[PDB]
>>> print(open('coords25.cif').read())   # mmCIF, C-alpha atoms
data_entry
#
loop_
_atom_site.label_atom_id
_atom_site.label_comp_id
_atom_site.auth_asym_id
_atom_site.auth_seq_id
_atom_site.Cartn_x
_atom_site.Cartn_y
_atom_site.Cartn_z
CA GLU A 98 -15.66 110.42 -194.37
CA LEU A 99 -17.36 109.77 -191.04
CA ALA A 100 -19.45 112.96 -190.95
CA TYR A 101 -21.70 112.66 -194.02
CA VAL A 102 -23.38 109.52 -192.68
CA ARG A 103 -26.56 110.50 -190.84
CA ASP A 104 -26.96 107.36 -188.71
CA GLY A 105 -25.38 103.92 -188.83
CA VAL A 106 -26.63 100.50 -187.79
CA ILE A 107 -24.35 97.45 -187.84
CA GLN A 108 -26.31 94.18 -187.68
CA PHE A 109 -24.40 91.12 -186.40
CA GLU A 110 -26.83 88.20 -186.64
CA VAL A 111 -26.28 85.17 -184.41
CA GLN A 112 -28.75 82.47 -183.39
CA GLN A 113 -28.66 80.82 -180.01
CA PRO A 114 -27.70 77.13 -179.87
CA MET A 115 -30.87 75.26 -178.99
CA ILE A 116 -30.90 71.96 -177.08
CA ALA A 117 -33.26 69.20 -178.18
CA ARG A 118 -35.58 67.93 -175.43
CA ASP A 119 -36.52 64.32 -174.68
CA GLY A 120 -39.89 63.12 -173.42
CA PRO A 121 -43.55 64.01 -173.87
CA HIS A 122 -43.14 67.61 -174.96
CA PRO A 123 -44.62 70.50 -176.88
CA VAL A 124 -41.84 70.89 -179.40
CA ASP A 125 -39.65 73.99 -179.62
CA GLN A 126 -39.18 76.47 -182.52
CA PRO A 127 -36.10 78.61 -183.21
CA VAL A 128 -36.23 82.27 -184.28
CA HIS A 129 -34.04 84.42 -186.55
CA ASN A 130 -33.72 87.07 -183.84
CA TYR A 131 -32.05 90.09 -185.46
CA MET A 132 -29.42 92.08 -183.55
CA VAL A 133 -29.75 95.83 -184.06
CA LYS A 134 -26.68 97.92 -183.24
CA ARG A 135 -27.09 101.62 -184.03
CA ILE A 136 -23.70 103.33 -183.99
CA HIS A 137 -22.93 106.51 -182.06
CA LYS A 138 -20.59 109.29 -183.15
CA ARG A 139 -18.65 112.19 -181.64
CA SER A 140 -15.67 114.48 -182.22
CA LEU A 141 -12.99 116.06 -180.04
CA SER A 142 -11.38 119.43 -180.75
CA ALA A 143 -8.54 121.61 -179.51
CA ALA A 144 -7.58 125.21 -180.24
CA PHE A 145 -4.47 127.38 -180.22
CA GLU B 98 -34.41 50.88 -187.85
CA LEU B 99 -35.62 51.48 -184.29
CA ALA B 100 -39.30 52.03 -185.14
CA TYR B 101 -39.18 48.42 -186.40
CA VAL B 102 -38.02 47.11 -183.00
CA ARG B 103 -40.39 46.37 -180.12
CA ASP B 104 -38.57 45.62 -176.84
CA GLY B 105 -34.79 45.29 -176.54
CA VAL B 106 -33.78 42.62 -174.02
CA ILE B 107 -30.46 41.52 -172.48
CA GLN B 108 -29.41 38.58 -170.30
CA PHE B 109 -26.73 37.90 -167.68
CA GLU B 110 -25.24 34.85 -165.97
CA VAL B 111 -22.89 34.95 -162.98
CA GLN B 112 -21.28 32.29 -160.79
CA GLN B 113 -19.64 33.00 -157.46
CA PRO B 114 -16.90 31.16 -155.51
CA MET B 115 -17.33 29.17 -152.28
CA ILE B 116 -15.50 28.06 -149.14
CA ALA B 117 -14.96 24.56 -147.75
CA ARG B 118 -15.73 24.09 -144.05
CA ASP B 119 -16.26 21.41 -141.41
CA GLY B 120 -18.66 20.85 -138.54
CA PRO B 121 -22.32 19.97 -137.95
CA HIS B 122 -23.10 22.74 -140.46
CA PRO B 123 -25.33 21.86 -143.44
CA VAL B 124 -24.11 20.69 -146.83
CA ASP B 125 -23.12 23.01 -149.68
CA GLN B 126 -23.35 22.93 -153.48
CA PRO B 127 -22.33 25.49 -156.16
CA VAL B 128 -24.63 28.21 -157.49
CA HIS B 129 -25.73 29.65 -160.83
CA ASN B 130 -27.48 32.95 -161.52
CA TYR B 131 -29.52 34.43 -164.38
CA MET B 132 -30.66 38.07 -164.56
CA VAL B 133 -32.57 39.33 -167.60
CA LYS B 134 -33.24 42.94 -168.60
CA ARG B 135 -35.51 45.19 -170.66
CA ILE B 136 -34.80 48.61 -172.24
CA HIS B 137 -36.21 52.16 -172.18
CA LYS B 138 -37.27 53.74 -175.48
CA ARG B 139 -37.50 57.52 -175.95
CA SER B 140 -37.05 60.22 -178.60
CA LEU B 141 -35.07 63.42 -179.04
CA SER B 142 -37.07 65.61 -181.42
CA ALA B 143 -37.07 69.22 -182.60
CA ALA B 144 -39.06 71.66 -184.74
CA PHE B 145 -38.66 74.71 -186.97
#
>>> encode(input="coords25.cif", output="structure tokens")
Amino acid sequence: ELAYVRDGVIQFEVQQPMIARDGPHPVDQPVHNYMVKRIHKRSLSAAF
Amino acid sequence: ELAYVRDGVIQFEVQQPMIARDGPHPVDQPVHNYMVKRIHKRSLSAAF
């Protein structure tokens, strides 16, 4: 039942490993950066 | 409890061998040594 779906997006969330910094620093913030992955779709046919 | 500590210090004492000689050369007597150290304080910090 691959054809009834209009569009498909498979989100695989990962966050980068951040390194802590030492010294007089403006301190760093992490982000929940979201990974969009919209799926494509095709079909192949043959006739006789 | 580091924030309760001011200045970490260390000491060292070394003694080194000698050699017996002859001749008009000057006299000789053993040695003692004392080297004393400080520390370096820093901070790994983060944010979110």
>>> axis_aligned_box(input="coords25.cif", around="range 127-133 of chain A", padding_each_side="4 Å", output="AutoDock Vina command-line options")
--center_x -32.8 --center_y 87.2 --center_z -184.9 --size_x 14.8 --size_y 25.2 --size_z 11.3
>>> interface_residues(input="coords25.cif", of="chain B", to="chain A", cutoff="10 Å", atoms="only C-alpha atoms", output="JSON, numbers by chain")
{"B": [138, 139, 140, 141, 142, 143, 144, 145]}
>>> atom_distance(input="coords25.cif", atom1="CA of residue 131 in chain A", atom2="CA of residue 101 in chain A")
26.3 Å
>>> resolve_selection(input="coords25.cif", expression="the PyMOL selection byres ((chain A and resi 133) around 6)", output="MDAnalysis selection string")
chainID A and resid 108 132 134
>>> calpha_fit_rmsd(input="coords25.cif", fixed="chain B", moving="chain A")
1.7 Å
>>> resolve_selection(input="coords25.cif", expression="the PyMOL selection byres ((chain B and resi 130) around 6)", output="PDB file with C-alpha atoms, in the frame of the given file")
ATOM      1  CA  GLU B 110     -25.240  34.850-165.970  1.00  0.00           C
ATOM      2  CA  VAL B 111     -22.890  34.950-162.980  1.00  0.00           C
ATOM      3  CA  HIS B 129     -25.730  29.650-160.830  1.00  0.00           C
ATOM      4  CA  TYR B 131     -29.520  34.430-164.380  1.00  0.00           C
TER       5      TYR B 131
END
>>> atom_distance(input="coords25.cif", atom1="CA of residue 104 in chain A", atom2="CA of residue 137 in chain A")
7.8 Å
>>> atom_distance(input="coords25.cif", atom1="CA of residue 107 in chain A", atom2="CA of residue 135 in chain A")
6.3 Å
>>> decode(input="coords25.cif", residues="range 106-140 of chain A", atoms="N, CA, C and O atoms", output="JSON list (two decimals), in the first residue's frame")
[["chain", "number", "residue", "atom", "x", "y", "z"],
["A", 106, "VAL", "N", 7.65, 11.70, 5.06],
["A", 106, "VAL", "CA", 8.81, 12.34, 5.67],
["A", 106, "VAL", "C", 9.23, 11.52, 6.88],
["A", 106, "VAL", "O", 8.46, 11.35, 7.83],
["A", 107, "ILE", "N", 10.46, 11.00, 6.86],
["A", 107, "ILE", "CA", 10.98, 10.15, 7.92],
["A", 107, "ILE", "C", 12.05, 10.93, 8.68],
["A", 107, "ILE", "O", 13.15, 11.15, 8.16],
["A", 108, "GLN", "N", 11.73, 11.33, 9.91],
["A", 108, "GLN", "CA", 12.61, 12.15, 10.73],
["A", 108, "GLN", "C", 13.47, 11.26, 11.62],
["A", 108, "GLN", "O", 12.95, 10.50, 12.44],
["A", 109, "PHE", "N", 14.79, 11.34, 11.44],
["A", 109, "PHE", "CA", 15.76, 10.64, 12.28],
["A", 109, "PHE", "C", 16.58, 11.68, 13.04],
["A", 109, "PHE", "O", 17.55, 12.22, 12.51],
["A", 110, "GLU", "N", 16.18, 11.94, 14.29],
["A", 110, "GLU", "CA", 16.79, 13.00, 15.09],
["A", 110, "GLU", "C", 18.07, 12.49, 15.73],
["A", 110, "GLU", "O", 18.06, 11.45, 16.41],
["A", 111, "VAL", "N", 19.16, 13.22, 15.52],
["A", 111, "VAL", "CA", 20.41, 13.01, 16.24],
["A", 111, "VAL", "C", 20.95, 14.39, 16.59],
["A", 111, "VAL", "O", 20.70, 15.37, 15.89],
["A", 112, "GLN", "N", 21.67, 14.46, 17.70],
["A", 112, "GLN", "CA", 22.29, 15.70, 18.16],
["A", 112, "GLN", "C", 23.80, 15.52, 18.15],
["A", 112, "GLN", "O", 24.31, 14.47, 18.53],
["A", 113, "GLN", "N", 24.50, 16.54, 17.69],
["A", 113, "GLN", "CA", 25.94, 16.41, 17.58],
["A", 113, "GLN", "C", 26.58, 16.34, 18.97],
["A", 113, "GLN", "O", 26.09, 16.97, 19.92],
["A", 114, "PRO", "N", 27.64, 15.56, 19.12],
["A", 114, "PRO", "CA", 28.37, 15.56, 20.40],
["A", 114, "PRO", "C", 29.16, 16.86, 20.53],
["A", 114, "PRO", "O", 30.01, 17.17, 19.70],
["A", 115, "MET", "N", 28.89, 17.60, 21.59],
["A", 115, "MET", "CA", 29.54, 18.88, 21.80],
["A", 115, "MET", "C", 30.66, 18.74, 22.82],
["A", 115, "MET", "O", 30.53, 18.02, 23.82],
["A", 116, "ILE", "N", 31.77, 19.40, 22.55],
["A", 116, "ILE", "CA", 32.94, 19.40, 23.42],
["A", 116, "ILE", "C", 32.88, 20.62, 24.33],
["A", 116, "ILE", "O", 32.59, 21.73, 23.87],
["A", 117, "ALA", "N", 33.13, 20.40, 25.62],
["A", 117, "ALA", "CA", 33.21, 21.50, 26.57],
["A", 117, "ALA", "C", 34.55, 22.22, 26.43],
["A", 117, "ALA", "O", 35.59, 21.59, 26.24],
["A", 118, "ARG", "N", 34.51, 23.54, 26.55],
["A", 118, "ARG", "CA", 35.67, 24.40, 26.32],
["A", 118, "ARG", "C", 36.17, 24.98, 27.64],
["A", 118, "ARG", "O", 35.39, 25.29, 28.54],
["A", 119, "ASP", "N", 37.49, 25.13, 27.73],
["A", 119, "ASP", "CA", 38.17, 25.54, 28.96],
["A", 119, "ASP", "C", 38.83, 26.90, 28.74],
["A", 119, "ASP", "O", 39.52, 27.10, 27.74],
["A", 120, "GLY", "N", 38.63, 27.81, 29.69],
["A", 120, "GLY", "CA", 39.21, 29.13, 29.62],
["A", 120, "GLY", "C", 38.16, 30.22, 29.70],
["A", 120, "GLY", "O", 36.96, 29.95, 29.87],
["A", 121, "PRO", "N", 38.59, 31.48, 29.59],
["A", 121, "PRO", "CA", 37.62, 32.58, 29.58],
["A", 121, "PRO", "C", 36.82, 32.60, 28.29],
["A", 121, "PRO", "O", 37.32, 32.99, 27.23],
["A", 122, "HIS", "N", 35.55, 32.20, 28.37],
["A", 122, "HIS", "CA", 34.76, 31.87, 27.20],
["A", 122, "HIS", "C", 33.34, 32.40, 27.31],
["A", 122, "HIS", "O", 32.78, 32.45, 28.42],
["A", 123, "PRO", "N", 32.75, 32.84, 26.20],
["A", 123, "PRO", "CA", 31.29, 32.84, 26.10],
["A", 123, "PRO", "C", 30.80, 31.41, 25.89],
["A", 123, "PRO", "O", 31.21, 30.74, 24.94],
["A", 124, "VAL", "N", 29.91, 30.96, 26.77],
["A", 124, "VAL", "CA", 29.60, 29.54, 26.89],
["A", 124, "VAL", "C", 28.63, 29.11, 25.79],
["A", 124, "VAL", "O", 27.80, 29.89, 25.31],
["A", 125, "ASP", "N", 28.74, 27.85, 25.39],
["A", 125, "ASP", "CA", 28.06, 27.32, 24.22],
["A", 125, "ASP", "C", 26.79, 26.58, 24.61],
["A", 125, "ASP", "O", 26.73, 25.91, 25.64],
["A", 126, "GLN", "N", 25.77, 26.70, 23.75],
["A", 126, "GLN", "CA", 24.42, 26.15, 23.78],
["A", 126, "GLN", "C", 24.24, 25.08, 22.72],
["A", 126, "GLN", "O", 24.72, 25.23, 21.59],
["A", 127, "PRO", "N", 23.60, 23.96, 23.07],
["A", 127, "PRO", "CA", 23.24, 22.96, 22.06],
["A", 127, "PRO", "C", 21.84, 23.19, 21.52],
["A", 127, "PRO", "O", 21.04, 23.90, 22.14],
["A", 128, "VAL", "N", 21.52, 22.59, 20.38],
["A", 128, "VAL", "CA", 20.25, 22.79, 19.70],
["A", 128, "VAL", "C", 19.67, 21.42, 19.36],
["A", 128, "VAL", "O", 20.41, 20.46, 19.15],
["A", 129, "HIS", "N", 18.34, 21.34, 19.32],
["A", 129, "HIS", "CA", 17.64, 20.10, 18.97],
["A", 129, "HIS", "C", 17.34, 20.13, 17.47],
["A", 129, "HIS", "O", 16.19, 20.00, 17.02],
["A", 130, "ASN", "N", 18.41, 20.30, 16.69],
["A", 130, "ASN", "CA", 18.31, 20.36, 15.23],
["A", 130, "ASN", "C", 17.59, 19.14, 14.68],
["A", 130, "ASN", "O", 18.02, 18.00, 14.89],
["A", 131, "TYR", "N", 16.49, 19.38, 13.97],
["A", 131, "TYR", "CA", 15.61, 18.32, 13.48],
["A", 131, "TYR", "C", 15.96, 17.96, 12.04],
["A", 131, "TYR", "O", 16.13, 18.84, 11.20],
["A", 132, "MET", "N", 16.06, 16.66, 11.78],
["A", 132, "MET", "CA", 16.49, 16.16, 10.47],
["A", 132, "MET", "C", 15.26, 15.78, 9.66],
["A", 132, "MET", "O", 14.60, 14.77, 9.92],
["A", 133, "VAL", "N", 14.93, 16.61, 8.67],
["A", 133, "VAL", "CA", 13.86, 16.30, 7.73],
["A", 133, "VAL", "C", 14.39, 15.35, 6.67],
["A", 133, "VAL", "O", 15.53, 15.47, 6.21],
["A", 134, "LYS", "N", 13.57, 14.37, 6.30],
["A", 134, "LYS", "CA", 13.90, 13.46, 5.20],
["A", 134, "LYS", "C", 12.58, 13.12, 4.51],
["A", 134, "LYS", "O", 11.88, 12.19, 4.92],
["A", 135, "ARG", "N", 12.26, 13.88, 3.47],
["A", 135, "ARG", "CA", 11.06, 13.61, 2.68],
["A", 135, "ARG", "C", 11.35, 12.50, 1.68],
["A", 135, "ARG", "O", 12.33, 12.57, 0.93],
["A", 136, "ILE", "N", 10.49, 11.49, 1.67],
["A", 136, "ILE", "CA", 10.76, 10.30, 0.87],
["A", 136, "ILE", "C", 10.27, 10.51, -0.56],
["A", 136, "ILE", "O", 9.27, 11.19, -0.82],
["A", 137, "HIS", "N", 10.99, 9.91, -1.51],
["A", 137, "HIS", "CA", 10.61, 9.93, -2.91],
["A", 137, "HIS", "C", 9.98, 8.59, -3.26],
["A", 137, "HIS", "O", 10.04, 7.63, -2.48],
["A", 138, "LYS", "N", 9.36, 8.53, -4.44],
["A", 138, "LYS", "CA", 8.60, 7.35, -4.84],
["A", 138, "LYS", "C", 8.51, 7.26, -6.35],
["A", 138, "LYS", "O", 8.39, 8.28, -7.04],
["A", 139, "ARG", "N", 8.59, 6.04, -6.87],
["A", 139, "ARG", "CA", 8.50, 5.76, -8.29],
["A", 139, "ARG", "C", 7.80, 4.42, -8.51],
["A", 139, "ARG", "O", 7.24, 3.82, -7.60],
["A", 140, "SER", "N", 7.87, 3.96, -9.76],
["A", 140, "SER", "CA", 7.29, 2.68, -10.17],
["A", 140, "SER", "C", 7.87, 2.33, -11.54],
["A", 140, "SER", "O", 8.12, 3.22, -12.36]]
